[PDB]
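Data from structure.txt: compact mmCIF, C-alpha atoms and all ligand atoms
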# COMPACT_ATOMS: atom_id res chain seq x y z
CA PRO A 1 -5.90 -2.09 -20.47
CA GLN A 2 -3.72 -4.17 -18.16
CA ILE A 3 0.03 -3.57 -18.63
CA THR A 4 2.62 -6.02 -17.22
CA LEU A 5 6.11 -4.83 -16.22
CA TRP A 6 8.54 -7.14 -18.02
CA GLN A 7 9.27 -4.16 -20.28
CA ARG A 8 9.13 -0.41 -19.52
CA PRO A 9 5.49 0.75 -19.47
CA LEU A 10 5.75 3.19 -22.39
CA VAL A 11 2.60 4.75 -23.89
CA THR A 12 1.88 7.26 -26.63
CA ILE A 13 0.76 10.72 -25.56
CA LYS A 14 -0.49 13.76 -27.47
CA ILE A 15 0.36 17.15 -25.96
CA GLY A 16 0.52 20.61 -27.54
CA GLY A 17 -0.42 19.04 -30.87
CA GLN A 18 2.66 16.76 -30.77
CA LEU A 19 2.99 13.00 -30.41
CA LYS A 20 5.44 11.63 -27.87
CA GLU A 21 6.28 8.43 -25.99
CA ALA A 22 6.17 8.58 -22.17
CA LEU A 23 6.75 6.25 -19.25
CA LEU A 24 3.89 5.43 -16.83
CA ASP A 25 5.71 6.13 -13.60
CA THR A 26 4.16 5.30 -10.23
CA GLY A 27 7.36 6.48 -8.49
CA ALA A 28 7.01 10.04 -9.83
CA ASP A 29 4.79 12.57 -8.01
CA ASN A 30 4.82 14.80 -11.10
CA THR A 31 4.76 14.68 -14.89
CA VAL A 32 8.05 15.75 -16.51
CA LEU A 33 8.47 16.17 -20.24
CA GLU A 34 11.54 16.76 -22.36
CA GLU A 35 12.10 20.27 -23.70
CA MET A 36 9.17 21.34 -25.82
CA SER A 37 7.33 24.55 -26.47
CA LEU A 38 4.07 24.80 -24.63
CA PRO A 39 2.04 27.99 -25.03
CA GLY A 40 0.98 30.13 -22.04
CA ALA A 41 2.24 31.10 -18.58
CA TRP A 42 4.75 29.05 -16.60
CA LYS A 43 6.57 29.16 -13.25
CA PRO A 44 10.11 28.04 -12.33
CA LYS A 45 10.39 24.88 -10.25
CA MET A 46 13.19 22.52 -9.18
CA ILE A 47 12.63 18.77 -8.94
CA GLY A 48 14.81 16.15 -7.33
CA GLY A 49 15.40 12.69 -8.68
CA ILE A 50 17.93 10.09 -7.82
CA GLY A 51 21.30 11.77 -8.46
CA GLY A 52 20.19 15.37 -7.97
CA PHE A 53 17.97 18.23 -9.11
CA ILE A 54 16.90 19.74 -12.44
CA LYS A 55 15.31 23.13 -13.15
CA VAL A 56 11.95 22.90 -14.94
CA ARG A 57 9.13 25.12 -16.20
CA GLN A 58 5.76 24.44 -14.59
CA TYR A 59 2.67 24.69 -16.83
CA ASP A 60 -0.79 24.34 -15.33
CA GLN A 61 -4.06 23.15 -16.84
CA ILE A 62 -2.40 21.45 -19.80
CA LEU A 63 -4.44 19.01 -21.90
CA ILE A 64 -2.80 15.67 -22.55
CA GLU A 65 -4.13 12.59 -24.35
CA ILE A 66 -2.78 9.45 -22.64
CA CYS A 67 -3.97 6.21 -24.26
CA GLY A 68 -7.11 7.92 -25.55
CA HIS A 69 -8.01 9.37 -22.13
CA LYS A 70 -8.02 13.17 -22.26
CA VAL A 71 -6.67 14.59 -18.99
CA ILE A 72 -5.84 18.10 -17.79
CA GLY A 73 -3.07 18.76 -15.32
CA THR A 74 0.25 20.24 -14.44
CA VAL A 75 3.19 19.32 -16.62
CA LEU A 76 6.81 20.15 -15.91
CA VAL A 77 9.16 20.75 -18.84
CA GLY A 78 12.93 20.40 -18.62
CA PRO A 79 16.06 18.28 -19.12
CA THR A 80 14.73 14.80 -18.39
CA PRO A 81 16.07 11.99 -20.62
CA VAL A 82 12.63 10.30 -20.67
CA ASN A 83 9.10 11.76 -20.69
CA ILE A 84 7.52 10.78 -17.37
CA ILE A 85 3.81 10.45 -16.61
CA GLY A 86 3.55 10.84 -12.84
CA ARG A 87 0.81 10.23 -10.29
CA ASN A 88 -0.78 13.65 -10.84
CA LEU A 89 -1.98 12.37 -14.24
CA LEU A 90 -2.10 8.62 -13.49
CA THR A 91 -4.99 9.22 -11.07
CA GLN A 92 -6.92 11.01 -13.85
CA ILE A 93 -6.88 7.90 -16.03
CA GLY A 94 -7.89 5.73 -13.04
CA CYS A 95 -4.59 3.87 -13.13
CA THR A 96 -4.02 1.29 -10.37
CA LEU A 97 -1.27 -1.14 -9.33
CA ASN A 98 -2.55 -4.71 -8.95
CA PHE A 99 -1.02 -7.98 -7.77
CA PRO B 1 -4.35 -6.04 -3.62
CA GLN B 2 -5.30 -3.12 -5.84
CA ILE B 3 -3.45 0.12 -5.00
CA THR B 4 -4.68 3.51 -6.29
CA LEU B 5 -2.23 6.38 -6.89
CA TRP B 6 -3.68 9.37 -5.02
CA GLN B 7 -0.85 8.84 -2.53
CA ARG B 8 2.66 7.39 -3.06
CA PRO B 9 2.43 3.59 -3.35
CA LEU B 10 4.51 2.76 -0.28
CA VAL B 11 4.70 -0.82 1.03
CA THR B 12 6.53 -2.59 3.83
CA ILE B 13 9.43 -4.82 2.89
CA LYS B 14 11.65 -7.19 4.86
CA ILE B 15 15.25 -7.53 3.66
CA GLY B 16 18.37 -8.75 5.46
CA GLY B 17 16.26 -9.27 8.57
CA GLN B 18 15.25 -5.58 8.62
CA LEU B 19 11.90 -3.87 8.05
CA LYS B 20 11.74 -0.93 5.66
CA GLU B 21 9.21 1.09 3.67
CA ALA B 22 9.70 1.21 -0.11
CA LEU B 23 8.00 2.77 -3.11
CA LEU B 24 6.47 0.57 -5.85
CA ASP B 25 8.07 2.22 -8.84
CA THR B 26 7.05 1.29 -12.39
CA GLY B 27 9.45 3.95 -13.72
CA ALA B 28 12.51 2.25 -12.19
CA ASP B 29 14.24 -0.62 -14.05
CA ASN B 30 16.04 -1.62 -10.85
CA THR B 31 15.54 -1.86 -7.08
CA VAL B 32 17.55 0.71 -5.10
CA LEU B 33 17.77 0.71 -1.33
CA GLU B 34 19.19 3.23 1.11
CA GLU B 35 22.53 2.38 2.68
CA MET B 36 22.28 -0.86 4.58
CA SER B 37 24.52 -3.77 5.33
CA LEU B 38 23.81 -6.77 3.17
CA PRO B 39 26.00 -9.85 3.58
CA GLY B 40 27.89 -11.42 0.65
CA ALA B 41 29.57 -10.39 -2.60
CA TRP B 42 28.76 -7.19 -4.48
CA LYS B 43 29.82 -5.32 -7.62
CA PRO B 44 30.13 -1.56 -8.28
CA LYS B 45 27.48 -0.01 -10.53
CA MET B 46 26.37 3.50 -11.48
CA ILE B 47 22.70 4.35 -11.98
CA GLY B 48 21.21 7.44 -13.58
CA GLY B 49 18.07 9.16 -12.43
CA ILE B 50 16.61 12.52 -13.19
CA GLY B 51 19.33 14.99 -12.13
CA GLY B 52 22.32 12.69 -12.48
CA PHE B 53 24.00 9.51 -11.36
CA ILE B 54 24.83 7.76 -8.09
CA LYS B 55 27.33 5.01 -7.29
CA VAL B 56 25.72 1.84 -5.86
CA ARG B 57 26.68 -1.66 -4.72
CA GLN B 58 25.00 -4.44 -6.67
CA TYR B 59 23.93 -7.54 -4.71
CA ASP B 60 22.50 -10.53 -6.55
CA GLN B 61 20.09 -13.24 -5.43
CA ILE B 62 18.82 -11.27 -2.45
CA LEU B 63 15.65 -12.43 -0.71
CA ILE B 64 13.07 -9.72 -0.11
CA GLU B 65 9.57 -9.94 1.33
CA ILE B 66 7.26 -7.47 -0.44
CA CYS B 67 3.67 -7.49 0.86
CA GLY B 68 4.06 -11.12 1.97
CA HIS B 69 5.40 -12.24 -1.44
CA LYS B 70 8.90 -13.65 -1.07
CA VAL B 71 11.01 -12.71 -4.10
CA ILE B 72 14.68 -13.11 -4.98
CA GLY B 73 16.50 -10.62 -7.14
CA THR B 74 19.15 -8.03 -7.62
CA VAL B 75 19.18 -5.16 -5.13
CA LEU B 76 21.26 -2.00 -5.54
CA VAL B 77 22.40 -0.22 -2.37
CA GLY B 78 23.44 3.43 -2.27
CA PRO B 79 22.53 7.07 -1.61
CA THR B 80 18.88 7.15 -2.67
CA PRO B 81 16.54 9.27 -0.51
CA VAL B 82 13.74 6.69 -0.89
CA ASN B 83 13.82 2.88 -1.11
CA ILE B 84 12.67 2.00 -4.62
CA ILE B 85 11.13 -1.31 -5.74
CA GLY B 86 11.75 -1.46 -9.48
CA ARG B 87 10.45 -3.60 -12.31
CA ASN B 88 13.01 -6.37 -11.68
CA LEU B 89 11.05 -7.23 -8.51
CA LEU B 90 7.60 -5.94 -9.51
CA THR B 91 7.35 -8.68 -12.15
CA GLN B 92 8.08 -11.29 -9.45
CA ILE B 93 5.00 -10.29 -7.47
CA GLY B 94 2.90 -10.24 -10.68
CA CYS B 95 2.34 -6.50 -10.41
CA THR B 96 0.39 -4.88 -13.26
CA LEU B 97 -0.78 -1.37 -14.20
CA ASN B 98 -4.52 -1.24 -14.92
CA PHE B 99 -6.92 1.44 -16.13
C1 LIG C 101 10.15 12.49 -11.53
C2 LIG C 101 9.98 12.54 -10.03
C3 LIG C 101 9.08 13.52 -9.39
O1 LIG C 101 8.37 14.39 -10.17
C4 LIG C 101 8.95 13.55 -8.00
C5 LIG C 101 9.67 12.66 -7.19
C6 LIG C 101 10.54 11.72 -7.74
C7 LIG C 101 10.73 11.63 -9.13
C8 LIG C 101 11.67 10.60 -9.69
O2 LIG C 101 12.68 10.96 -10.27
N1 LIG C 101 11.33 9.33 -9.49
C9 LIG C 101 12.14 8.21 -9.89
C10 LIG C 101 12.39 7.29 -8.69
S1 LIG C 101 13.62 8.01 -7.65
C11 LIG C 101 12.81 8.90 -6.45
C12 LIG C 101 13.49 9.92 -5.78
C13 LIG C 101 12.84 10.66 -4.78
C14 LIG C 101 11.52 10.38 -4.46
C15 LIG C 101 10.84 9.37 -5.13
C16 LIG C 101 11.48 8.63 -6.12
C17 LIG C 101 11.42 7.52 -11.04
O3 LIG C 101 10.21 6.92 -10.58
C18 LIG C 101 12.28 6.48 -11.75
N2 LIG C 101 13.15 7.17 -12.72
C19 LIG C 101 12.38 7.40 -13.96
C20 LIG C 101 13.20 8.11 -15.03
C21 LIG C 101 13.22 9.61 -14.71
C22 LIG C 101 14.05 10.34 -15.76
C23 LIG C 101 15.48 9.83 -15.72
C24 LIG C 101 15.53 8.35 -16.11
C25 LIG C 101 14.60 7.49 -15.25
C26 LIG C 101 15.30 7.19 -13.92
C27 LIG C 101 14.37 6.40 -13.01
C28 LIG C 101 15.15 6.12 -11.75
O4 LIG C 101 15.30 7.02 -10.95
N3 LIG C 101 15.64 4.89 -11.64
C29 LIG C 101 16.40 4.41 -10.49
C30 LIG C 101 16.73 2.93 -10.69
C31 LIG C 101 17.73 5.14 -10.40
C32 LIG C 101 15.58 4.59 -9.23

Write-out of the structure in structure tokens:
Amino acid sequence: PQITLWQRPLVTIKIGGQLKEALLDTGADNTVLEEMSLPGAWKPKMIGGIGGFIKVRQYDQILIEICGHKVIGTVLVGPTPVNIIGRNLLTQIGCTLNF
Amino acid sequence: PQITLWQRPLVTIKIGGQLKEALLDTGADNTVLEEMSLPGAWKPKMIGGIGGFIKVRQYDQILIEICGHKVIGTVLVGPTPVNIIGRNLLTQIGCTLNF
């Protein structure tokens, strides 16, 4: 698909058997999801946004369905107000900016 | 142009007679620039990112050159670590996400 930017670029994702809405975010290096239970091992990480830092749990090799594309990558879980799909996963769906 | 996302989508902008680098940011509703002097009237605003909020100055009807496209819009100025081009200006250059 082509997605214009007059509205937030929100898409449906499936992760850990759960359906969620997430923002396609070219300004984010990483993918950051609201608190959820993901099975398996994780590592502590801190990430900085505008306004400061949040503590997150880093899960590797996590399967996510983003607009029907299955992708595997690192997802960070913590107190973000919006689920963010960052460049680490955007590249896996061949997502480009065009103008 | 088409811009892939293996690296941060940084572009050169010209604003207030100054050259800066800024990130094309589909996850940002607004455009937020590091501290700079812009002439004219402004209004106080607070903006929330991941991690918290920052106080900014809101300038309207500001001319900015983004990859040779001249656009006019609202620019927020304050303590962001990276200049951010948000959807308010991305729409003006006809920027789309494609995959
Ligand atoms: C999520 C993330 C990473 O994993 C790695 C690096 C940065 C970020 C990150 O927070 N990036 C942000 C730009 S602000 C920014 C700050 C530093 C570097 C690059 C961008 C997002 O793209 C936009 N970001 C998406 C979203 C993140 C959760 C909180 C609500 C919004 C806030 C919005 C935002 O900040 N908007 C402003 C108008 C204040 C700029």

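Distance check against chain B using only C-alpha atoms: of A:62, A:24, A:13, A:72, the minimum falls on A:24.
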
Could you give me, as a ChimeraX atom specification, every polymer residue with an atom at most 8 Å away from an atom of ligand LIG 101 (chain C), counting all atoms listed in the file? /A:23,25-32,47-51,80-84,86 /B:23,25-32,47-51,53-54,80-84,86

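With only C-alpha atoms as the basis for measurement, A:64 is the residue among A:3, A:41, A:56, A:64 that approaches residue 20 (chain A) most closely.
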
From CA of residue 5 (chain B) to CA of residue 66 (chain A) the spacing works out at 16.1 Å

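Across the model, the gap from CA of residue 43 (chain A) to CA of residue 69 (chain A) is 26.1 Å.
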
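CA of residue 73 (chain A) is found 14.1 Å from CA of residue 94 (chain A).
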
Would you compute, for all listed atoms of region 29-37 of chain A, the axis-aligned bounding box grown by 8 Å on each side, and then report its centre and edge lengths in Å rounded to one decimal, as lines of an AutoDock Vina configuration file?
center_x = 8.4
center_y = 18.6
center_z = -17.2
size_x = 23.3
size_y = 28.0
size_z = 34.5

What lies within 12 Å of residue 18 (chain A) using all atoms listed in the file, ignoring chain neighbours under 4 positions off, as an MDAnalysis selection string? chainID A and resid 12:14 36:38 63:65

Write the residues of the selection above to a file with C-alpha atoms, as an mmCIF file, keeping the file's coordinate frame.
data_model
loop_
_atom_site.group_PDB
_atom_site.id
_atom_site.type_symbol
_atom_site.label_atom_id
_atom_site.label_comp_id
_atom_site.auth_asym_id
_atom_site.auth_seq_id
_atom_site.Cartn_x
_atom_site.Cartn_y
_atom_site.Cartn_z
ATOM 1 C CA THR A 12 1.880 7.260 -26.630
ATOM 2 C CA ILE A 13 0.760 10.720 -25.560
ATOM 3 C CA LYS A 14 -0.490 13.760 -27.470
ATOM 4 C CA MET A 36 9.170 21.340 -25.820
ATOM 5 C CA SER A 37 7.330 24.550 -26.470
ATOM 6 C CA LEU A 38 4.070 24.800 -24.630
ATOM 7 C CA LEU A 63 -4.440 19.010 -21.900
ATOM 8 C CA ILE A 64 -2.800 15.670 -22.550
ATOM 9 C CA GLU A 65 -4.130 12.590 -24.350
#

May I have the protein, DNA and RNA residues with any atom at most 7 Å from the point (29.9, -0.5, -9.7), counting only C-alpha atoms, written as a PyMOL selection string? chain B and resi 43-46+55-58

Just want the 9 Å neighbourhood of residue 99 (chain A), counted on all atoms listed in the file, with same-chain residues fewer than 2 positions away dropped. Output as a PyMOL selection string. (chain A and resi 97) or (chain B and resi 1-3+93-96)

Please rebuild region 55-67 of chain A with N, CA and C atoms and return the result as a PDB file, in the frame of the given file.
ATOM      1  N   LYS A  55      16.211  21.983 -13.081  1.00  0.00           N
ATOM      2  CA  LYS A  55      15.310  23.130 -13.150  1.00  0.00           C
ATOM      3  C   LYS A  55      14.307  22.839 -14.246  1.00  0.00           C
ATOM      4  N   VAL A  56      13.037  23.133 -13.975  1.00  0.00           N
ATOM      5  CA  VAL A  56      11.950  22.900 -14.940  1.00  0.00           C
ATOM      6  C   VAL A  56      11.027  24.104 -15.025  1.00  0.00           C
ATOM      7  N   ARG A  57      10.205  24.136 -16.074  1.00  0.00           N
ATOM      8  CA  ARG A  57       9.130  25.120 -16.200  1.00  0.00           C
ATOM      9  C   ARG A  57       7.806  24.432 -15.894  1.00  0.00           C
ATOM     10  N   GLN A  58       7.034  25.021 -14.990  1.00  0.00           N
ATOM     11  CA  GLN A  58       5.760  24.440 -14.590  1.00  0.00           C
ATOM     12  C   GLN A  58       4.577  25.094 -15.317  1.00  0.00           C
ATOM     13  N   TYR A  59       3.856  24.274 -16.080  1.00  0.00           N
ATOM     14  CA  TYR A  59       2.670  24.690 -16.830  1.00  0.00           C
ATOM     15  C   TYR A  59       1.438  24.057 -16.217  1.00  0.00           C
ATOM     16  N   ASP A  60       0.443  24.870 -15.893  1.00  0.00           N
ATOM     17  CA  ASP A  60      -0.790  24.340 -15.330  1.00  0.00           C
ATOM     18  C   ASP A  60      -1.900  24.204 -16.355  1.00  0.00           C
ATOM     19  N   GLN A  61      -2.825  23.291 -16.068  1.00  0.00           N
ATOM     20  CA  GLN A  61      -4.060  23.150 -16.840  1.00  0.00           C
ATOM     21  C   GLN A  61      -3.728  22.849 -18.295  1.00  0.00           C
ATOM     22  N   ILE A  62      -2.834  21.881 -18.482  1.00  0.00           N
ATOM     23  CA  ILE A  62      -2.400  21.450 -19.800  1.00  0.00           C
ATOM     24  C   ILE A  62      -3.167  20.185 -20.189  1.00  0.00           C
ATOM     25  N   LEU A  63      -3.749  20.188 -21.386  1.00  0.00           N
ATOM     26  CA  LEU A  63      -4.440  19.010 -21.900  1.00  0.00           C
ATOM     27  C   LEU A  63      -3.452  18.008 -22.449  1.00  0.00           C
ATOM     28  N   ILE A  64      -3.596  16.758 -22.010  1.00  0.00           N
ATOM     29  CA  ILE A  64      -2.800  15.670 -22.550  1.00  0.00           C
ATOM     30  C   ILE A  64      -3.680  14.451 -22.854  1.00  0.00           C
ATOM     31  N   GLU A  65      -3.447  13.828 -24.008  1.00  0.00           N
ATOM     32  CA  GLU A  65      -4.130  12.590 -24.350  1.00  0.00           C
ATOM     33  C   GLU A  65      -3.187  11.454 -23.998  1.00  0.00           C
ATOM     34  N   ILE A  66      -3.591  10.607 -23.053  1.00  0.00           N
ATOM     35  CA  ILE A  66      -2.780   9.450 -22.640  1.00  0.00           C
ATOM     36  C   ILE A  66      -3.636   8.220 -22.894  1.00  0.00           C
ATOM     37  N   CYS A  67      -3.190   7.376 -23.824  1.00  0.00           N
ATOM     38  CA  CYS A  67      -3.970   6.210 -24.260  1.00  0.00           C
ATOM     39  C   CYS A  67      -5.446   6.521 -24.447  1.00  0.00           C
TER      40      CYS A  67
END
